[PDB]
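Engineer: I need the structure of the sequence given here:
(chains A and B)
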Amino acid sequence: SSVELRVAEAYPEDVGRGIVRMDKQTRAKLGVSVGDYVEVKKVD
Amino acid sequence: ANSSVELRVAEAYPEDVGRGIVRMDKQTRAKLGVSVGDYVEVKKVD
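Structural biologist: Numbering: from 1, shown residues only, chains lettered A, B, ... in the order given. What follows is the structure:
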């Protein structure tokens, strides 16, 4: 399952953490939980 | 076909809930070759 989301800037405490911040409904679309890994890629 | 990056899912800040965004830092954006405001495609690894 996949979704397309708009890139927004990190909060400063997140910089360098290798995280993506996504809300509950976005995680539910994806089938992921906090702490799971996702694959991210630029959209043409 | 664009390069892919693997990242850890974390919860959204509350003001962002419902916005349809992902927050990622600059080194992640550079790795993807995106700027703030472009779209990315996200897919579960697990």
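Engineer: Need the three-state assignment for residue A:21.
Structural biologist: Under the three-state scheme (DSSP: H, G, I helix; E, B strand; the rest coil), residue A:21 adopts strand.
Engineer: So it sits against residue B:14, correct?
Structural biologist: No: using Cβ atoms under 8 Å, residue A:21 is not in contact with residue B:14; the gap is 11.1 Å. Backbone N, C-alpha and C define where each C-beta goes, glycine included.
Engineer: neighbour-wise, which of these two wins?
Structural biologist: Neighbour count, other Cβ atoms under 10 Å in any protein chain shown: between residue A:21 and residue B:14, residue A:21 has more, with 21 against 8.
Engineer: and the nearest residue to the more buried one once chain neighbours are set aside, what are its bridge partners?
Structural biologist: Distances taken as Cβ to Cβ, 6 or more residues apart in numbering or on different chains place residue B:23 nearest to residue A:21, at 4.1 Å, with adjacent residues excluded. Judged by DSSP bridges, the bridge partners of residue B:23 are residue A:8, residue A:21.
Engineer: center of chain A, which residue is that?
Structural biologist: residue A:20 (3.7 Å; Cα atoms, centre = their mean).
Engineer: wait, that one sits on residue B:7?
Structural biologist: Yes: with contact defined as Cβ under 8 Å, residue A:20 reaches residue B:7; the gap is 4.5 Å.
Engineer: Name the residues contacting each of those two.
Structural biologist: A:38, A:40, B:24, B:28 (Cβ atoms under 8 Å, 6 or more residues apart in numbering or on different chains).
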